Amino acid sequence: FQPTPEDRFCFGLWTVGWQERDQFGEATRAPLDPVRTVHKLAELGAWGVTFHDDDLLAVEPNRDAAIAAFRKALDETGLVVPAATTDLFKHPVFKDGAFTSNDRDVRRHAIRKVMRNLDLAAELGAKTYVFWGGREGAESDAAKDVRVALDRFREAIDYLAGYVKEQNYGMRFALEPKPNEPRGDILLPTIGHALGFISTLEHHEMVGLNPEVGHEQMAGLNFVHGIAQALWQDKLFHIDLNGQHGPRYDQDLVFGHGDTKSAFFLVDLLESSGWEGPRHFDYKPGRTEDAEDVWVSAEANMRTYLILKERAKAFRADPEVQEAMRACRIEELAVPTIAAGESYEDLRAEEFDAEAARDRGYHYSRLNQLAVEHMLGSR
């Protein structure tokens, strides 16, 4: 269960570099030099790293010197930068939003900040750029008219998309939904809301999703179903893997360590679909954990993914599972409901005896049990 380059595992600098200052307590770890993160991640088998613009400054406040030290580390290790993003949430000026601040001068500041990091991302070869609208939203319904906020959100995203097209950066945008926290409610709270928003964009073709396991689970939604819809619409441009124990604060646990059963079926879907995107982890080591524990937790993300991958591969390869699937008539769902040359009257000429068929079973008990037994390594 050792990670390989083909696994395309990657981490944000802000994950292993998180200082673990929470709502009720001080930081428990010192700032981590991104240069050390790049070397330690490379040594563990990570293929790539991602960053917010300001992550580069964790120990070096001079932006030019911080960028140079980052690139030197990437040169020495061969670590790739598949994606980058903007910090539009820490600085107090974004307290009311970034792209959707009431204050026009703040909105323009946000756009300019992204443009500078778009420039840097392209030079590093990042072909995907992530947008998490963490400050876009409100704590009360009177504070923000969401129709007008979406006007400004659409305006910012389409403006930036036209910018990258003018520069011929060849990049795609990935919107990261989140239902709440730090805002009482965040705009585009789920995979679905972001998909609906994307379809109104002038530049819709180059905008897709960066769904996060824990974010959809904060709303109690099924992450596997959401990823299925993202794949179905060809909008899975990025993914963020972690763990979460349902609707509460964003926990950012190690992938597989929240809803493990859902993680098993997520890996099953990613692998079986042949999705070729990076397996990116957006997690926090934990406030109990020291500097050495950090690398244990980074390894744990990749190892858990690899174990679940083997379990899911064995699950689908098992003749007992393929037999159970046929008993459930799962493959019959792929047959079109309507035939190619079939008219409305052709359809209404056929009848169905619903009373003869009312006692059909679908035998998911067997398939469900084989799935669980495979996950637990007992088959």
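One rule holds for the numbers: they count along the sequence shown, beginning at 1.
Note on 306-314 vs 334-342: mean CA B-factor is higher in 334-342. Stretches 141-149 and 76-84 differ in mean CA B factor, with 76-84 having the higher one. When the C-alpha B-factors of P177, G286, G196, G125 are ranked from the entry, the top spot goes to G125. The entry lists C-alpha B-factors for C328, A69, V49, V321, and the highest of these is at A69.
Per-chain ranking of the deposited C-alpha B factor places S272 in the highest third. In the deposited entry, the Cα temperature factor of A356 sits in the top third of values across the chain's modelled residues. Sort the modelled residues of the chain by CA B factor and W14 lands in the middle third. Among the modelled residues of its chain, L118 has a C-alpha B-factor that falls in the highest third according to the deposited record. In the deposited entry, the Cα temperature factor of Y169 places it in the highest third of its chain's modelled residues.
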